[PDB]
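Colleague: upload08.txt is the file, holding compact mmCIF, C-alpha atoms:
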# COMPACT_ATOMS: atom_id res chain seq x y z
CA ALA A 901 94.71 94.78 93.60
CA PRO A 902 95.19 98.35 94.90
CA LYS A 903 92.37 100.01 96.92
CA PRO A 904 92.55 103.61 98.08
CA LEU A 905 92.21 103.07 101.86
CA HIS A 906 94.45 100.02 102.18
CA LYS A 907 96.23 100.18 105.56
CA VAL A 908 93.66 102.61 107.01
CA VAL A 909 91.96 101.36 110.18
CA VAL A 910 88.74 103.28 110.89
CA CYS A 911 86.82 103.52 114.15
CA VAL A 912 83.46 105.27 114.28
CA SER A 913 82.90 107.30 117.46
CA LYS A 914 80.27 106.23 119.97
CA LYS A 915 78.40 109.45 119.15
CA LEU A 916 77.91 108.08 115.61
CA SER A 917 76.85 104.59 116.75
CA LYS A 918 73.63 104.61 114.67
CA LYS A 919 75.78 104.95 111.51
CA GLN A 920 78.63 102.69 112.62
CA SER A 921 77.99 99.50 110.62
CA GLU A 922 77.21 101.52 107.48
CA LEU A 923 80.38 103.59 107.82
CA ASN A 924 82.49 100.49 108.58
CA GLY A 925 81.17 98.98 105.33
CA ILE A 926 81.85 102.12 103.30
CA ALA A 927 85.43 102.12 104.60
CA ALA A 928 85.83 98.37 103.93
CA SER A 929 84.65 98.79 100.30
CA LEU A 930 87.63 101.15 99.90
CA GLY A 931 90.03 98.54 101.38
CA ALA A 932 90.17 99.83 104.97
CA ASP A 933 90.05 97.76 108.10
CA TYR A 934 87.75 98.78 110.97
CA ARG A 935 87.47 98.42 114.75
CA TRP A 936 84.19 98.42 116.69
CA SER A 937 85.80 100.49 119.52
CA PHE A 938 88.96 102.53 119.85
CA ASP A 939 92.34 100.84 120.23
CA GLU A 940 96.01 101.21 119.31
CA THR A 941 95.48 99.93 115.73
CA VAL A 942 93.11 102.75 114.75
CA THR A 943 94.48 105.29 112.25
CA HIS A 944 91.26 107.27 111.60
CA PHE A 945 88.61 108.14 114.18
CA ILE A 946 85.31 109.31 112.70
CA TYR A 947 83.74 112.09 114.77
CA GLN A 948 81.49 115.16 114.47
CA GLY A 949 81.70 117.95 117.07
CA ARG A 950 82.45 121.48 118.14
CA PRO A 951 85.49 123.60 119.00
CA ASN A 952 86.90 122.57 122.43
CA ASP A 953 84.65 119.56 122.46
CA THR A 954 84.39 117.89 125.87
CA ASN A 955 83.38 114.39 124.68
CA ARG A 956 85.42 111.84 126.64
CA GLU A 957 86.10 109.42 123.79
CA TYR A 958 87.07 112.31 121.46
CA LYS A 959 89.46 113.76 124.02
CA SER A 960 91.13 110.38 124.58
CA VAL A 961 91.73 109.86 120.84
CA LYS A 962 93.01 113.43 120.42
CA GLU A 963 95.65 112.69 123.07
CA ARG A 964 96.92 109.78 120.95
CA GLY A 965 97.50 112.00 117.90
CA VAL A 966 95.62 109.84 115.39
CA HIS A 967 93.54 111.39 112.57
CA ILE A 968 90.15 112.64 113.71
CA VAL A 969 87.91 113.25 110.70
CA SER A 970 84.33 114.14 109.89
CA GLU A 971 82.24 111.32 108.39
CA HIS A 972 82.36 113.42 105.22
CA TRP A 973 85.99 112.37 104.76
CA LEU A 974 84.83 108.78 104.33
CA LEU A 975 81.76 109.71 102.22
CA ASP A 976 83.87 111.83 99.87
CA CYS A 977 86.62 109.19 99.64
CA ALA A 978 83.86 106.79 98.57
CA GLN A 979 82.41 109.22 96.00
CA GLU A 980 85.87 109.83 94.51
CA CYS A 981 87.35 106.33 95.00
CA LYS A 982 90.39 108.16 96.42
CA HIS A 983 92.31 108.65 99.66
CA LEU A 984 91.49 112.34 100.19
CA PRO A 985 93.42 114.68 102.52
CA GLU A 986 92.38 114.28 106.16
CA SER A 987 93.20 117.93 106.87
CA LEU A 988 90.20 119.04 104.77
CA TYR A 989 87.79 117.20 107.07
CA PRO A 990 88.27 118.22 110.71
CA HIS A 991 85.63 117.11 113.21
CA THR A 992 83.99 120.55 112.93
CA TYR A 993 83.59 120.25 109.15
CA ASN A 994 80.20 121.16 107.70
CA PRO A 995 79.53 120.99 103.93
Kindly transcribe the structure held in the file into structure tokens.

Modeller:
Amino acid sequence: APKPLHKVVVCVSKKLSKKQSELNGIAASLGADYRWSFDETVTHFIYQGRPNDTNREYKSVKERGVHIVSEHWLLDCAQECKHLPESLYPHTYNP
């Protein structure tokens, strides 16, 4: 049975550790997989920050070219039950 985030693999940044289990579960309810820390399987890295952010984990993921999205990407995908465009939710996104 189709779910909107099938084949997505989320990883919540260390910065967002207090929200990590909750966000993993929100992603999983939409059919995504999740990793507890970053690796080569991750498709979507959840992160909140600033222009030219110096966070080490963020910079390492950015080098790998995977999607880096605000937590609001996941929250809005959940509200809509849809795979929403990642480009609308950069790490600097603020509602």

Colleague: For atom CA of residue A:987 and atom CA of residue A:965, determine how far apart the two atoms are, in Å to one decimal place.

Modeller: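 So the answer is 13.2 Å.
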
Colleague: Find the residues around residue A:995 up to 10 Å (all atoms listed in the file counted), leave out those fewer than 2 positions away in its own chain, and share them as a list in words.

Modeller: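 Here the answer would be residues 972, 989 and 993 of chain A.
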
Colleague: Give the answer as one residue: which of A:912, A:991, A:918, A:977 has the shortest atom-to-atom distance to residue A:953, using all atoms listed in the file?

Modeller: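 Selected residue with least distance to residue A:953: A:991.
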
Colleague: Got a sec: who's within 6 Å of residue A:932, counting only C-alpha atoms, leaving out chain neighbours fewer than 4 positions off, as an mmCIF file with C-alpha atoms, in the frame of the given file?

Modeller:
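See around-v5.cif below for the written result:
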data_model
loop_
_atom_site.group_PDB
_atom_site.id
_atom_site.type_symbol
_atom_site.label_atom_id
_atom_site.label_comp_id
_atom_site.auth_asym_id
_atom_site.auth_seq_id
_atom_site.Cartn_x
_atom_site.Cartn_y
_atom_site.Cartn_z
ATOM 1 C CA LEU A 905 92.210 103.070 101.860
ATOM 2 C CA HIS A 906 94.450 100.020 102.180
ATOM 3 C CA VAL A 908 93.660 102.610 107.010
ATOM 4 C CA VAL A 909 91.960 101.360 110.180
ATOM 5 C CA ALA A 927 85.430 102.120 104.600
ATOM 6 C CA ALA A 928 85.830 98.370 103.930
#

Colleague: Could you check which residues have any atom within 9 Å of (86.3, 103.2, 118.6), counting only C-alpha atoms with coordinates taken straight from the file, and then list them as a list in words?

Modeller: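 It turns out the residues near that spot are residues 910, 911, 912, 913, 914, 934, 935, 936, 937, 938, 939, 942, 945, 946, 957 and 961 of chain A.
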
Colleague: Restricting it to C-alpha atoms, dump the selection as an mmCIF file, in the frame of the given file.

Modeller:
data_model
loop_
_atom_site.group_PDB
_atom_site.id
_atom_site.type_symbol
_atom_site.label_atom_id
_atom_site.label_comp_id
_atom_site.auth_asym_id
_atom_site.auth_seq_id
_atom_site.Cartn_x
_atom_site.Cartn_y
_atom_site.Cartn_z
ATOM 1 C CA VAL A 910 88.740 103.280 110.890
ATOM 2 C CA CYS A 911 86.820 103.520 114.150
ATOM 3 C CA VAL A 912 83.460 105.270 114.280
ATOM 4 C CA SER A 913 82.900 107.300 117.460
ATOM 5 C CA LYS A 914 80.270 106.230 119.970
ATOM 6 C CA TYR A 934 87.750 98.780 110.970
ATOM 7 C CA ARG A 935 87.470 98.420 114.750
ATOM 8 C CA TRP A 936 84.190 98.420 116.690
ATOM 9 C CA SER A 937 85.800 100.490 119.520
ATOM 10 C CA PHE A 938 88.960 102.530 119.850
ATOM 11 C CA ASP A 939 92.340 100.840 120.230
ATOM 12 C CA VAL A 942 93.110 102.750 114.750
ATOM 13 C CA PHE A 945 88.610 108.140 114.180
ATOM 14 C CA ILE A 946 85.310 109.310 112.700
ATOM 15 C CA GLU A 957 86.100 109.420 123.790
ATOM 16 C CA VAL A 961 91.730 109.860 120.840
#

Colleague: What is the atom CA of residue A:959 to atom CA of residue A:986 distance in Å?

Modeller: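 Atom CA of residue A:986 lies at a distance of 18.1 Å from atom CA of residue A:959.
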
Colleague: Taking into account all atoms listed in the file, which residue in the set A:954, A:966, A:931, A:994 is nearest to residue A:904?

Modeller: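 Ranked by minimum distance to residue A:904, first place goes to A:931.
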
Colleague: One number please: atom CA of residue A:903 to atom CA of residue A:930, in Å, one decimal.

Modeller: 5.7 Å

Colleague: Ranking A:947, A:978, A:990, A:985 by minimum distance to residue A:920 and counting only C-alpha atoms, which one comes first?

Modeller: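 Under the stated criterion, the closest residue is A:947.
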